[PDB]
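Visitor: Quick one: structure below, then a few questions.
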Amino acid sequence: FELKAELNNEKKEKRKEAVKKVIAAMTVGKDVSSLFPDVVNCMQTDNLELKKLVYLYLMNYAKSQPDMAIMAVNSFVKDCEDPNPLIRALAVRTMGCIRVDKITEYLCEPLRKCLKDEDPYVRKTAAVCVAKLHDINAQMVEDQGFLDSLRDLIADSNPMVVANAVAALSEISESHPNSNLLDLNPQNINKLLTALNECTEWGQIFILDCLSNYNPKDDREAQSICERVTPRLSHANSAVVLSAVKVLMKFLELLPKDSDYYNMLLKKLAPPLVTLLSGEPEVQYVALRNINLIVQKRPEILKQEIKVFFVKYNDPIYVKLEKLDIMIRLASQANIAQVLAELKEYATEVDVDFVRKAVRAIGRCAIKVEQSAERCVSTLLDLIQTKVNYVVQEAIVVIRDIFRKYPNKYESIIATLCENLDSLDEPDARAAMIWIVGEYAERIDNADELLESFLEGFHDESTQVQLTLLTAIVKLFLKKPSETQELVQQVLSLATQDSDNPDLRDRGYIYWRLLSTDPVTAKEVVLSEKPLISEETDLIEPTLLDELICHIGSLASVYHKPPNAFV
Amino acid sequence: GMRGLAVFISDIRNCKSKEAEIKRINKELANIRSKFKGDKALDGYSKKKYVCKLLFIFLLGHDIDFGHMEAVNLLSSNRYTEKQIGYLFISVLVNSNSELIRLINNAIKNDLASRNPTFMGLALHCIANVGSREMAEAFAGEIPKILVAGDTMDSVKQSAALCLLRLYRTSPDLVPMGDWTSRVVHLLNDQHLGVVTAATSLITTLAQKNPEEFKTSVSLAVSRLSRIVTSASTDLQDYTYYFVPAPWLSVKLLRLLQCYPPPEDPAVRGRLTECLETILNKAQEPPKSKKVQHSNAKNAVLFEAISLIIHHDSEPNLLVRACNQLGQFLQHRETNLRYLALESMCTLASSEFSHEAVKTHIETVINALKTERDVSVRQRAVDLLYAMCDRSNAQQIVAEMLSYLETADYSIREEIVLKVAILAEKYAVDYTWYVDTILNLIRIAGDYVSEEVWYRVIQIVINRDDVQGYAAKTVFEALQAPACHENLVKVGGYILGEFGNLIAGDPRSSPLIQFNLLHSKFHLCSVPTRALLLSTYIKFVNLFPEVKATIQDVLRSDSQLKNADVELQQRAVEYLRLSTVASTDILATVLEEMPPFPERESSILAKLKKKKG
Amino acid sequence: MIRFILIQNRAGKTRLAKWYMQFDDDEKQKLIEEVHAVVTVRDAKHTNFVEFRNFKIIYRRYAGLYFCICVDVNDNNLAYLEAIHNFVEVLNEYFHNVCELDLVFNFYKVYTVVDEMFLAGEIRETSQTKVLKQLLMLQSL
Amino acid sequence: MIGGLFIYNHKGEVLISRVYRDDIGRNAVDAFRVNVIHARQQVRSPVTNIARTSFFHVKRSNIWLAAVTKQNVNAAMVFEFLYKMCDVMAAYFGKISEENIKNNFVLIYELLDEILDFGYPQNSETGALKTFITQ
């Protein structure tokens, strides 16, 4: 109760002190909701600092209640006419900050006068307030007039106001009634580029964000935009550079073999992009993700820059992992020795998933080329002999992949793999080992016992392992018909009688209706030779990658997921 | 006071990072090497100081694996502080040894044969605090004669009763049931009400494990309860907690009475009814004190009485009064009271005599769900809503759970979706509503739904036949919407591939359009979804000769044939070779009507049962 | 029954621990950390009966200490809530002033009080008067 | 772009919390306090997704400085903005500590109301802040 007593003061200075005490009490968690009318009464003053403090209080509290805050419209209208522009902008911003259904009717008329005046800061604040309005309860019919006012408000000589107006338009353009933004014709594009030249870093970023939605009619416009965007290599590190890289990569629709500007453009992309690996660790991580996507899209850019992506000892774990795959992306015939030496060096570290991904990278380098395949198979044998469990599982998955890549070349290792089978727990390793056993069942006379051992618990297990086991058993039967009736009958009965998955039941039936129809067709279909796989190494599906090229800057690239997968 | 411990705390508590305290522990190790390893150690003060210092070091968060044999040497002492330090140190740290443990047993055996309450109390506290194999084998049948065959102080009696509780809990095998139960159940009416508390706890545990052994306690228990509930407002002021007469004692007596069936003697149950109406009437009056603790104690004893009434399930008037009290409590200002009332009504909802009375509070339950905006309270509300679910409400109750799913943070989403799935499956008469509800669940939550719910939905759609046409339709008009979650893709692929012949009649849903929509969904999905869509593609090849060429053109590209995953490659090769042969006989023979699923397990119920606890 | 009794501070340090059945070395630390995470997030306008996995704890807020009592599902919440209130009160008129520094200084007194009112997982004595009289009786010697 | 903004303590306390969006509520505070600071899995990434909501965080001295958004903003946007905000705080009051944050609540609130509106970082050079910001 003493809060009210100490707040109800007649001196203006002690009223200000009570105001900051109330702000501090709200910050620490105290509740002064019963003192709101007193603060409203004390609002009627002319002190700037008290004006800001009371406006902060008004936002923080009246955001929860519109009822008694309705009467504040008259005070806001009185405030938005005070000659000085600073408090005008503050008042209009705090007035727009209340998101209620009864404020739009009272703000539709007074807000019009704010968008048309001779002041850059006030115009910027008004544009931001219009963007604030359009978020909620602003579709109307006159709101089209407001958006037209914002749109032709682009015709300003101040970079800040035009930059924020363009950002607001880009954000509000999410609505798509088949009518896309109505604007950014070539003259507006030229004006936007001139502003980009004359803007600040933040509006530069906003303009580069918005500009990535135009479709050039001809190459000359694309050429002009390309040489008008290139000088964008600033001290803003990741933001401006990545936005320029995004817009350039989108504007590579001209023919690859044209006059020698395509090659020079590709040459331009390398220095500033590799420069990004010298900033803060988080922007380094973002740049590494973006470079991974770019290399996966266009691999003839970072061709001879492998040396920089060498993993350092002081780097954090996520940076280490992303530098590792970039390294594997850029490994080729010329850099085999040093890459494999580095991979062997990382293989002895203590961090778990880093060592897993390092041995996977060793195997993937093996997948890429043949001499690396032989040497990396030797290193995989050594790592298997090291007996470490997770390394063994990763090596088994890699060995399955290599067997798929190279047919009938590394048969001598299957006995060693079958020797250590009890150390498998993860579903991927079990599936890989089961497929290896099933495919090379002619060489192994002990495959029956292994598959029967995996057949003990058919339930309480991942569906992928069940499918792999079932297809391996069917393959083994079709290769050893004379003594494998019990296994196939049991596995088919388990699939089609107790499995809850309609996927597994479907596979059980699709094989059951084949093994009893025609053995010639069973041999021809199931055991049909499978073509080579031709450098499948950790690629993203091309449609997803192409859709992700349009979103280089955003979190879509960082998360490696489409924007529709998370709102 | 002791200066050493105070200096220790004041100095080492306010120091720098871990290296400083590590170096100070090293210095302490040097000091103990200097002194304990050899020399001549004093008896009382030095040993007390270093033992308490090492105990404090252990409590700080460090580990000590030595220095207790000379500490257990301290057990045989005359002064109380030394003995307490020794017992506390041997209780806090437990070691695996044979000679030292036997020395501990000899010392405690010598100590137990004392003639003062304090030493026996400390010995019993040490026995009950830890418990061990040697203590169990040596202190099994000799504690009862301290309890039964002895007129000693009350403190040692309570300690011995709780020691019997602990030993029976940890080693029931070697505790006999001999001729000692006569007085232990008889002392339930003893004075000082503390021996009463200990005996009530012990007998309650024993009856919870061995009910028929102590059936005679009912009469004394009900007599004590009747005396306690209404004797006087100023009687035994020592055991009155804020004007409430013995809350904990009454709670424990009510718990003891709950483990037994209603008494055969009509007089005993008559007294029970009398004291129950007495408790309810006493709770009816406005509080005698404005303090919240008085209300908390009164509501505690009232809730225990209500739980006993629910367990008995024999008095209709008592049940009606309890339900009225719960309905009054549903709008109580205190949050704890509302939460406890919700839990108690969820427990009570299983009673058939008050099922309609529980159902009459559905509007208040819905308002509480929509108003308080808590997490535990709203989980209790949805549990009670599930509890009161006879058919009678199915549409409204399912809609309310759907809304609460629409506003549900992280994991209550999963619990709600499982509960809604099982409830809709169990209480649906027109299964078209069930399919619509399932699609609503998939659309609303999507990311956090299940892995078994869509299994069950596919099983229902396949099994029930007649509803398959509407299911296939609604799925088709739901697929082409801009909002299409991943699980919806799988369910739609399976159902539509299986039953496209029912929808092929409409020109708006030509098979070419269905295949194009499925392929448009194909390029952005995980591996299992792509496998399901490939199976649907081959089923279309069986069912739709018109689109045979286009499909065969689809799964022949190098993206879907040279893929990086084993399963997709195998499925593509198999289906492509089946379509290439196309004998028109084998392919039609293979993919048959696929008879409906049998009622195997109803895995949703098992999953939700396992999720509990 | 009463599973464990804790007095956590704002940071997470355990000024009083008491476990009524066997727990491992890492298990105690994991339990303390998860109890702290559960307790510190809730605010004043929340229930005092929060449950995790197979348990439910009864927590109160006194000065800068979080008195946490873990009990079984079937035990009465309000009785144990008033029990922890009574325990805090007995510490109040015992030391005449409750503070974390005093608890650290006289941890053996805290253990003897807890053993006086709690043993084998149940409630031993409920009255303040007899506990105070007995505890001050042994203070002279 | 940016939605809410949060600055946390070493022990898990909340120092300031300013929200620009109706999307961000106390759920964001609970999620970041439980699943980031109190998460036992040290190996993480600077961007974390919790129920379709990204949680960015940068650690300086001993504070968790987190920016929360519910839309696919530019990641470099928020990261560079957080770096520049930390630089501005260091310029105004040197070392960043719990006490330094506590004793300048009004200044921090005024700055964050002025340096950022609704999620559009406006200008943080030095030429605008010095003219019309009180001490």
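Ligands are numbered from 1 in the order shown, chains are lettered A, B, ... in the order of the structure tokens, and residues start at 1 in each chain.
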Quick one: residues within 9 Å of range 286-290 of chain A, only C-alpha atoms counted, chain neighbours fewer than 5 positions away excluded, as a list in words?

Guide: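 So, after excluding close chain neighbours, the residues are residues 238, 242, 273, 274, 276, 277, 281, 295, 319, 322, 323, 326, 552, 553, 557, 558, 559 and 560 of chain A; 75 and 76 of chain D.
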
Visitor: Those residues you just picked out, can you put them in a file as a PDB file, in the first residue's frame with C-alpha atoms?

Guide:
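selection_36.pdb, freshly written:
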```pdb
ATOM      1  CA  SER A 238      28.038 -11.836 -43.520  1.00  0.00           C
ATOM      2  CA  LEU A 242      25.733 -12.951 -48.429  1.00  0.00           C
ATOM      3  CA  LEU A 273      33.234 -15.274 -49.864  1.00  0.00           C
ATOM      4  CA  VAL A 274      36.401 -16.926 -48.532  1.00  0.00           C
ATOM      5  CA  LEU A 276      33.944 -14.442 -44.520  1.00  0.00           C
ATOM      6  CA  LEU A 277      35.811 -17.160 -42.566  1.00  0.00           C
ATOM      7  CA  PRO A 281      32.381 -17.821 -34.787  1.00  0.00           C
ATOM      8  CA  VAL A 295      29.372 -25.491 -53.554  1.00  0.00           C
ATOM      9  CA  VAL A 319      32.535 -24.966 -37.304  1.00  0.00           C
ATOM     10  CA  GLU A 322      30.988 -27.772 -41.446  1.00  0.00           C
ATOM     11  CA  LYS A 323      34.620 -27.205 -42.440  1.00  0.00           C
ATOM     12  CA  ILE A 326      33.295 -28.407 -47.189  1.00  0.00           C
ATOM     13  CA  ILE A 552      20.561 -18.042 -49.273  1.00  0.00           C
ATOM     14  CA  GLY A 553      20.459 -15.383 -46.563  1.00  0.00           C
ATOM     15  CA  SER A 557      19.857 -22.086 -45.742  1.00  0.00           C
ATOM     16  CA  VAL A 558      21.174 -22.447 -42.182  1.00  0.00           C
ATOM     17  CA  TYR A 559      18.595 -25.085 -41.217  1.00  0.00           C
ATOM     18  CA  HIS A 560      18.833 -26.835 -44.625  1.00  0.00           C
TER      19      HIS A 560
ATOM     20  CA  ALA D  75      20.572 -15.032 -39.781  1.00  0.00           C
ATOM     21  CA  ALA D  76      23.405 -12.584 -40.463  1.00  0.00           C
TER      22      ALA D  76
END
```

Visitor: From a DSSP calculation on the backbone, collect every residue of range 200-241 of chain A in helix (DSSP H, G or I) and output the set as a PyMOL selection string.

Guide: chain A and resi 201-213+219-229+238-241

Visitor: Go ahead and write the selection's residues with N, CA and C atoms as a PDB file, in the first residue's frame.

Guide:
```pdb
ATOM      1  N   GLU A 201      24.237   0.723 -44.509  1.00  0.00           N
ATOM      2  CA  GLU A 201      24.395  -0.726 -44.583  1.00  0.00           C
ATOM      3  C   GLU A 201      23.063  -1.442 -44.371  1.00  0.00           C
ATOM      4  N   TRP A 202      22.246  -0.931 -43.447  1.00  0.00           N
ATOM      5  CA  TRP A 202      21.047  -1.655 -43.044  1.00  0.00           C
ATOM      6  C   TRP A 202      20.029  -1.648 -44.185  1.00  0.00           C
ATOM      7  N   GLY A 203      19.793  -0.464 -44.755  1.00  0.00           N
ATOM      8  CA  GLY A 203      18.933  -0.364 -45.919  1.00  0.00           C
ATOM      9  C   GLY A 203      19.522  -1.036 -47.141  1.00  0.00           C
ATOM     10  N   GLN A 204      20.854  -1.070 -47.237  1.00  0.00           N
ATOM     11  CA  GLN A 204      21.482  -1.852 -48.297  1.00  0.00           C
ATOM     12  C   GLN A 204      21.067  -3.312 -48.194  1.00  0.00           C
ATOM     13  N   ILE A 205      21.080  -3.855 -46.976  1.00  0.00           N
ATOM     14  CA  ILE A 205      20.660  -5.234 -46.764  1.00  0.00           C
ATOM     15  C   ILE A 205      19.195  -5.405 -47.144  1.00  0.00           C
ATOM     16  N   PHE A 206      18.345  -4.465 -46.720  1.00  0.00           N
ATOM     17  CA  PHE A 206      16.918  -4.562 -47.030  1.00  0.00           C
ATOM     18  C   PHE A 206      16.663  -4.533 -48.536  1.00  0.00           C
ATOM     19  N   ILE A 207      17.352  -3.644 -49.254  1.00  0.00           N
ATOM     20  CA  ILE A 207      17.170  -3.547 -50.698  1.00  0.00           C
ATOM     21  C   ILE A 207      17.658  -4.815 -51.388  1.00  0.00           C
ATOM     22  N   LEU A 208      18.804  -5.351 -50.959  1.00  0.00           N
ATOM     23  CA  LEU A 208      19.273  -6.601 -51.550  1.00  0.00           C
ATOM     24  C   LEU A 208      18.322  -7.753 -51.250  1.00  0.00           C
ATOM     25  N   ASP A 209      17.675  -7.735 -50.082  1.00  0.00           N
ATOM     26  CA  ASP A 209      16.665  -8.742 -49.774  1.00  0.00           C
ATOM     27  C   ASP A 209      15.475  -8.631 -50.718  1.00  0.00           C
ATOM     28  N   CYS A 210      14.994  -7.406 -50.946  1.00  0.00           N
ATOM     29  CA  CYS A 210      13.777  -7.241 -51.738  1.00  0.00           C
ATOM     30  C   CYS A 210      14.038  -7.470 -53.223  1.00  0.00           C
ATOM     31  N   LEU A 211      15.259  -7.190 -53.685  1.00  0.00           N
ATOM     32  CA  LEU A 211      15.561  -7.207 -55.111  1.00  0.00           C
ATOM     33  C   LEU A 211      15.618  -8.615 -55.697  1.00  0.00           C
ATOM     34  N   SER A 212      15.617  -9.653 -54.862  1.00  0.00           N
ATOM     35  CA  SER A 212      15.797 -11.024 -55.322  1.00  0.00           C
ATOM     36  C   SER A 212      14.504 -11.671 -55.818  1.00  0.00           C
ATOM     37  N   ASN A 213      13.504 -10.886 -56.218  1.00  0.00           N
ATOM     38  CA  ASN A 213      12.245 -11.431 -56.708  1.00  0.00           C
ATOM     39  C   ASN A 213      11.915 -11.023 -58.137  1.00  0.00           C
ATOM     40  N   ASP A 219      19.051 -10.056 -71.161  1.00  0.00           N
ATOM     41  CA  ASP A 219      20.351 -10.165 -70.508  1.00  0.00           C
ATOM     42  C   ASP A 219      20.949  -8.798 -70.195  1.00  0.00           C
ATOM     43  N   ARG A 220      20.609  -7.774 -70.982  1.00  0.00           N
ATOM     44  CA  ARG A 220      21.192  -6.451 -70.774  1.00  0.00           C
ATOM     45  C   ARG A 220      20.806  -5.883 -69.413  1.00  0.00           C
ATOM     46  N   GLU A 221      19.535  -6.031 -69.031  1.00  0.00           N
ATOM     47  CA  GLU A 221      19.117  -5.617 -67.695  1.00  0.00           C
ATOM     48  C   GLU A 221      19.832  -6.431 -66.624  1.00  0.00           C
ATOM     49  N   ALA A 222      19.937  -7.746 -66.834  1.00  0.00           N
ATOM     50  CA  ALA A 222      20.663  -8.593 -65.895  1.00  0.00           C
ATOM     51  C   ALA A 222      22.131  -8.197 -65.823  1.00  0.00           C
ATOM     52  N   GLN A 223      22.742  -7.903 -66.972  1.00  0.00           N
ATOM     53  CA  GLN A 223      24.133  -7.459 -66.989  1.00  0.00           C
ATOM     54  C   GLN A 223      24.308  -6.173 -66.189  1.00  0.00           C
ATOM     55  N   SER A 224      23.436  -5.189 -66.428  1.00  0.00           N
ATOM     56  CA  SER A 224      23.541  -3.915 -65.726  1.00  0.00           C
ATOM     57  C   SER A 224      23.376  -4.102 -64.225  1.00  0.00           C
ATOM     58  N   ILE A 225      22.404  -4.920 -63.815  1.00  0.00           N
ATOM     59  CA  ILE A 225      22.226  -5.197 -62.393  1.00  0.00           C
ATOM     60  C   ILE A 225      23.460  -5.892 -61.828  1.00  0.00           C
ATOM     61  N   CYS A 226      24.074  -6.776 -62.618  1.00  0.00           N
ATOM     62  CA  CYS A 226      25.251  -7.502 -62.151  1.00  0.00           C
ATOM     63  C   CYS A 226      26.417  -6.559 -61.884  1.00  0.00           C
ATOM     64  N   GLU A 227      26.700  -5.637 -62.810  1.00  0.00           N
ATOM     65  CA  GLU A 227      27.795  -4.710 -62.514  1.00  0.00           C
ATOM     66  C   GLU A 227      27.387  -3.617 -61.533  1.00  0.00           C
ATOM     67  N   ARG A 228      26.090  -3.429 -61.285  1.00  0.00           N
ATOM     68  CA  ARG A 228      25.673  -2.469 -60.271  1.00  0.00           C
ATOM     69  C   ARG A 228      25.632  -3.073 -58.872  1.00  0.00           C
ATOM     70  N   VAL A 229      25.660  -4.399 -58.763  1.00  0.00           N
ATOM     71  CA  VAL A 229      25.637  -5.057 -57.460  1.00  0.00           C
ATOM     72  C   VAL A 229      27.040  -5.447 -56.992  1.00  0.00           C
ATOM     73  N   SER A 238      28.886 -10.802 -42.936  1.00  0.00           N
ATOM     74  CA  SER A 238      28.038 -11.836 -43.520  1.00  0.00           C
ATOM     75  C   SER A 238      26.813 -11.253 -44.212  1.00  0.00           C
ATOM     76  N   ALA A 239      26.218 -10.212 -43.632  1.00  0.00           N
ATOM     77  CA  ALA A 239      24.917  -9.747 -44.103  1.00  0.00           C
ATOM     78  C   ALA A 239      24.978  -9.257 -45.548  1.00  0.00           C
ATOM     79  N   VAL A 240      25.731  -8.181 -45.792  1.00  0.00           N
ATOM     80  CA  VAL A 240      25.753  -7.562 -47.116  1.00  0.00           C
ATOM     81  C   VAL A 240      26.370  -8.508 -48.139  1.00  0.00           C
ATOM     82  N   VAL A 241      27.472  -9.162 -47.768  1.00  0.00           N
ATOM     83  CA  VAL A 241      28.169 -10.040 -48.704  1.00  0.00           C
ATOM     84  C   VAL A 241      27.276 -11.208 -49.104  1.00  0.00           C
TER      85      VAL A 241
END
```

Visitor: With the cut-off set at 6 Å and counting only C-alpha atoms, tabulate each residue of chain D with an atom at most that distance from an atom of chain A, showing the nearest atom pair and its distance in Å to one decimal, ordered by chain and increasing number, as JSON lines.

Guide:
```
{"residue": "D:52", "atom": "CA", "partner": "A:566", "partner_atom": "CA", "distance": 5.0}
{"residue": "D:72", "atom": "CA", "partner": "A:555", "partner_atom": "CA", "distance": 5.3}
{"residue": "D:73", "atom": "CA", "partner": "A:554", "partner_atom": "CA", "distance": 5.3}
{"residue": "D:74", "atom": "CA", "partner": "A:554", "partner_atom": "CA", "distance": 4.1}
{"residue": "D:75", "atom": "CA", "partner": "A:555", "partner_atom": "CA", "distance": 5.7}
{"residue": "D:76", "atom": "CA", "partner": "A:239", "partner_atom": "CA", "distance": 4.9}
{"residue": "D:77", "atom": "CA", "partner": "A:239", "partner_atom": "CA", "distance": 5.9}
```

Visitor: Could you check how far CA of residue 57 in chain D sits from CA of residue 10 in chain C, in Å to one decimal?

Guide: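 Computed distance, CA of residue 57 in chain D to CA of residue 10 in chain C, equals 23.1 Å.
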
Visitor: Dump as a Markdown table the rows for residues of chain C within 9 Å of chain B: closest atom pair and distance in Å with one decimal, only C-alpha atoms counted, ordered by chain and rising residue number.

Guide:
```
| residue | atom | partner | partner_atom | distance |
| --- | --- | --- | --- | --- |
| C:13 | CA | B:60 | CA | 8.7 |
| C:14 | CA | B:59 | CA | 8.4 |
| C:15 | CA | B:59 | CA | 8.3 |
| C:16 | CA | B:59 | CA | 8.7 |
| C:17 | CA | B:59 | CA | 8.7 |
| C:19 | CA | B:129 | CA | 8.9 |
| C:20 | CA | B:129 | CA | 7.2 |
| C:21 | CA | B:130 | CA | 7.8 |
| C:22 | CA | B:130 | CA | 8.5 |
| C:45 | CA | B:335 | CA | 7.8 |
| C:46 | CA | B:335 | CA | 7.1 |
| C:47 | CA | B:336 | CA | 5.5 |
| C:48 | CA | B:336 | CA | 6.7 |
| C:49 | CA | B:336 | CA | 7.6 |
| C:50 | CA | B:376 | CA | 7.3 |
| C:51 | CA | B:376 | CA | 8.5 |
| C:52 | CA | B:613 | CA | 8.6 |
| C:53 | CA | B:613 | CA | 5.4 |
| C:54 | CA | B:613 | CA | 4.9 |
| C:55 | CA | B:613 | CA | 8.4 |
| C:76 | CA | B:300 | CA | 7.2 |
| C:77 | CA | B:300 | CA | 7.7 |
| C:78 | CA | B:300 | CA | 5.2 |
| C:79 | CA | B:300 | CA | 5.8 |
| C:80 | CA | B:248 | CA | 8.7 |
| C:81 | CA | B:296 | CA | 8.5 |
| C:82 | CA | B:297 | CA | 6.9 |
| C:83 | CA | B:248 | CA | 8.4 |
| C:85 | CA | B:293 | CA | 8.8 |
| C:104 | CA | B:9 | CA | 7.9 |
| C:105 | CA | B:6 | CA | 6.8 |
| C:107 | CA | B:56 | CA | 8.4 |
| C:108 | CA | B:85 | CA | 7.9 |
| C:111 | CA | B:88 | CA | 8.2 |
| C:112 | CA | B:84 | CA | 8.7 |
| C:115 | CA | B:125 | CA | 7.1 |
| C:116 | CA | B:125 | CA | 8.8 |
| C:119 | CA | B:162 | CA | 6.7 |
| C:120 | CA | B:166 | CA | 5.4 |
| C:121 | CA | B:166 | CA | 8.3 |
| C:122 | CA | B:201 | CA | 7.4 |
| C:123 | CA | B:197 | CA | 7.9 |
| C:124 | CA | B:198 | CA | 6.3 |
| C:125 | CA | B:194 | CA | 6.2 |
| C:126 | CA | B:239 | CA | 7.4 |
| C:127 | CA | B:239 | CA | 5.6 |
| C:128 | CA | B:238 | CA | 8.0 |
| C:129 | CA | B:238 | CA | 6.6 |
| C:130 | CA | B:238 | CA | 7.9 |
| C:138 | CA | B:80 | CA | 8.6 |
| C:141 | CA | B:80 | CA | 7.8 |
```

Visitor: Would you kindly return, as a ChimeraX atom specification, each protein, DNA or RNA residue with an atom no farther than 12 Å from any atom of range 408-420 of chain A, considering only C-alpha atoms and excluding same-chain residues fewer than 5 positions away?

Guide: /A:370,373-374,377-378,380-382,384-389,392-393,395-403,429-430,432-447,449-451

Visitor: Find the residue from B:567, B:592, B:498, B:447 that sits nearest to chain D; use only C-alpha atoms when measuring.

Guide: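 Of B:567, B:592, B:498, B:447, the one nearest chain D is B:447, counting only C-alpha atoms.
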
Visitor: Excluding residue 14 in chain D and residues on its chain fewer than 6 positions from it, collect all residues at most 9 Å away from it, counting only C-alpha atoms, and give them as a PyMOL selection string.

Guide: (chain A and resi 28) or (chain D and resi 6-8+29+33)

Visitor: Could you pull out the residues in chain D that DSSP calls strand (DSSP E or B) from the backbone, as a list in words?

Guide: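 Across chain D, those assigned strand (DSSP E or B) are residues 5, 6, 7, 8, 14, 15, 16, 17, 18, 47, 48, 49, 54, 55, 56, 57, 58, 59, 64, 65, 66, 67, 68, 69, 74, 116, 117, 120 and 121 of chain D.
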
Visitor: Given only C-alpha atoms, how would the per-residue table for chain A near chain B read, listing every residue at most 10 Å away with its closest atom pair and distance in Å to one decimal, sorted by chain and number, as CSV?

Guide:
```
residue,atom,partner,partner_atom,distance
A:400,CA,B:566,CA,9.9
A:401,CA,B:564,CA,8.7
A:404,CA,B:566,CA,8.9
A:405,CA,B:564,CA,10.0
A:431,CA,B:566,CA,9.7
A:432,CA,B:566,CA,9.3
A:435,CA,B:566,CA,8.9
A:463,CA,B:528,CA,9.6
A:464,CA,B:567,CA,8.5
A:467,CA,B:567,CA,8.2
A:468,CA,B:567,CA,7.7
A:471,CA,B:570,CA,9.0
A:496,CA,B:597,CA,9.6
A:497,CA,B:598,CA,8.7
A:498,CA,B:600,CA,7.3
A:499,CA,B:600,CA,9.3
A:500,CA,B:455,CA,6.8
A:501,CA,B:455,CA,6.3
A:502,CA,B:455,CA,7.0
A:503,CA,B:532,CA,6.9
A:505,CA,B:594,CA,9.5
A:506,CA,B:535,CA,8.2
A:507,CA,B:535,CA,8.9
A:509,CA,B:591,CA,8.0
A:510,CA,B:590,CA,6.6
A:511,CA,B:590,CA,8.7
A:512,CA,B:590,CA,8.3
A:513,CA,B:590,CA,4.9
A:514,CA,B:590,CA,6.7
A:516,CA,B:590,CA,9.6
A:517,CA,B:586,CA,7.2
A:518,CA,B:586,CA,8.5
A:521,CA,B:578,CA,8.6
A:522,CA,B:574,CA,9.8
A:524,CA,B:577,CA,7.8
A:525,CA,B:577,CA,5.5
A:526,CA,B:574,CA,6.1
A:527,CA,B:574,CA,8.8
A:528,CA,B:573,CA,7.4
A:529,CA,B:573,CA,8.8
A:530,CA,B:573,CA,7.3
A:531,CA,B:562,CA,6.9
A:532,CA,B:562,CA,7.0
A:533,CA,B:562,CA,5.2
A:534,CA,B:562,CA,7.8
A:535,CA,B:564,CA,9.0
A:536,CA,B:564,CA,5.6
A:537,CA,B:564,CA,7.7
A:538,CA,B:564,CA,8.1
A:539,CA,B:564,CA,8.5
A:541,CA,B:523,CA,7.7
A:542,CA,B:559,CA,8.9
A:543,CA,B:523,CA,6.8
A:544,CA,B:524,CA,6.9
A:561,CA,B:524,CA,9.8
A:562,CA,B:524,CA,8.7
A:564,CA,B:483,CA,9.3
A:565,CA,B:485,CA,8.8
A:566,CA,B:447,CA,10.0
```

Visitor: At a cut-off of 8 Å, can you tabulate as a Markdown table every residue of chain C near chain D together with its closest atom pair and the distance in Å to one decimal, using only C-alpha atoms and ordering rows by chain then number?

Guide:
```
| residue | atom | partner | partner_atom | distance |
| --- | --- | --- | --- | --- |
| C:10 | CA | D:11 | CA | 7.7 |
| C:11 | CA | D:11 | CA | 5.6 |
| C:37 | CA | D:38 | CA | 6.6 |
| C:41 | CA | D:30 | CA | 7.0 |
```

Visitor: Give as an MDAnalysis selection string every residue of chain B that touches chain D within 12 Å, counting only C-alpha atoms.

Guide: chainID B and resid 373:375 407:411 413 445:448

Visitor: Quick one: residues within 10 Å of residue 209 in chain B, only C-alpha atoms, excluding same-chain residues fewer than 2 positions away - as a PyMOL selection string?

Guide: chain B and resi 168-169+172+203-207+211-213+259

Visitor: Please indicate the distance in Å from CA of residue 30 in chain B to CA of residue 12 in chain B, rounded to one decimal place.

Guide: 16.9 Å

Visitor: In Å, how far is it from CA of residue 31 in chain C to CA of residue 70 in chain C?

Guide: 11.0 Å

Visitor: Excluding range 298-309 of chain A and any residue of its chain fewer than 2 positions from it, enumerate the residues within 9 Å of it, using only C-alpha atoms, and give them as a list in words.

Guide: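 Contacts, in chain order: residues 266, 267, 269, 270, 274, 277, 291, 293, 294, 295, 296, 311, 312, 323, 324, 326, 327, 329, 330, 331 and 335 of chain A.
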